[PDB]
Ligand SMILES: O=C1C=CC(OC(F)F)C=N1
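Just the one chain here, laid out as structure tokens, in the form deposited without this ligand.
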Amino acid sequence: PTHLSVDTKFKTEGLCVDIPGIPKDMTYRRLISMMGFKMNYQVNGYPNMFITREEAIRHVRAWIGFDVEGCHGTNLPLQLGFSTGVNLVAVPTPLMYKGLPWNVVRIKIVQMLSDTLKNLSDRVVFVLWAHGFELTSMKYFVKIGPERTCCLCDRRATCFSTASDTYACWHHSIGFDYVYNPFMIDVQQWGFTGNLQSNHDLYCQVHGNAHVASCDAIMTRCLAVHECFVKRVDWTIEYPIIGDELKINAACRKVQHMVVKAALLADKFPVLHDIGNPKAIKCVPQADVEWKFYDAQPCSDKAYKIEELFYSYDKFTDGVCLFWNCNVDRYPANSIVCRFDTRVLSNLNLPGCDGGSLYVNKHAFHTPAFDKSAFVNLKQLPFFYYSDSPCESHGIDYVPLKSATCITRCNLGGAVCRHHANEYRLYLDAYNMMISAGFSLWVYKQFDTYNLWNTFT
């Protein structure tokens, strides 16, 4: 039950305006044949061009919305739209390109997909709101066959070249002209009422409709992300490592310990309200503070309202509140906050629904749109490094460190020791790693690193 059987029925009602007379009774087997492809009763890793919802969710990094609009059916030009914002016009002789024959259009498609996907996934999943022209145009830039490996590496093959008769992955596809063994899924098979725009606009106000193919491609993928990662959530699905996931996650634990420990030392809060992930552990386990946990799963739709989190019947105004990746609409003044900036560009952060983003780091977290007004009661947390550890070098070469933000006994004494200089530069790299990944740090306005110097006396 892991792959989509080709004998599964395909609802054709959405196709009958582009393809009048299409049979109501239709399987994927007959649909693929109708699209001009032949599968040959082949057991070589490619059982179906179309995939299940579950397989699509596991390969969300490969999702490319795809739409085709009749520009004027073999006799008229076609506008090819992709969720990358690209519009290509193919002739049978926000970006918008003029009409060109299929033999040059397919070269642009391979280049576009390869640059988009090489650092994201081992494949492409075309996300469709299928009405006909997009399915019948695939024969002009798609080749299928047995699963293969790249001619220059061990990755699976995603492209084919008619010039050299060879195969390549996204990384080595320069000059290739055909997409090889792509995957696809028709969102309209999921049981919607009404057209694409009416269903998309139920949940998203960020993507308009300029009535060009790329806008439909964007809305289609956006609707799919909402259905699979907003209204539905599955945190059991694991995703492969494609970047600095481990360093980013390790940096997050180190910065969280550093910031909370220093806030407790500087202001001596009697109680800390740890609001968020119900799997949370004390990040400063040796602190004397009264540590109270409050369970809140990561919100995937709208940011939590602070009124429903705190109230409905309790003294969150006592001490300090810790919101580590707990997105609320407005943080109280006595808060320590880590909030993911959905606007960040990285291979881990995919475009999301209604201004949000889909952050995929081991697991997929759809995150509500970043909002600067949520931090009005707070200020940005400045960088600093604090350590009460002994100045002792145990066991890399050294240039003396000078920094006003190395809060250690040795710097209080006027000369940073080598150990705390090593730890400072290691923490600075971790801090910059986490900030670059899109995380932002905010703190109550009274926070002052000057209060940490007298923790050495």
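Note that residue numbering follows the sequence shown and begins at 1.
Beyond what is shown, the protein has a form solved in complex with this ligand; the following relates to that form.
Q) Once the site C-alphas are superposed and this ligand is modelled as in the bound PDB entry, is the result open or blocked, blocked being 3 or more ligand atoms within 2.4 Å of any backbone or C-beta atom of this form? A) The pocket is blocked.
Q. Which of 32, 51, 430, 57 has a heavy atom within 4.5 Å of this ligand in the bound PDB entry?
A. Of the listed residues, the single hit is 32.
Q: Let me know the one among 381, 374, 144, 228 whose heavy atoms come within 4.5 Å of this ligand in the bound PDB entry, would you?
A: After the contact test, the surviving option is 144.
Q) Taking this ligand in the bound PDB entry, which residues of 93-119 have any heavy atom within 4.5 Å of it? A) Result: empty, none.
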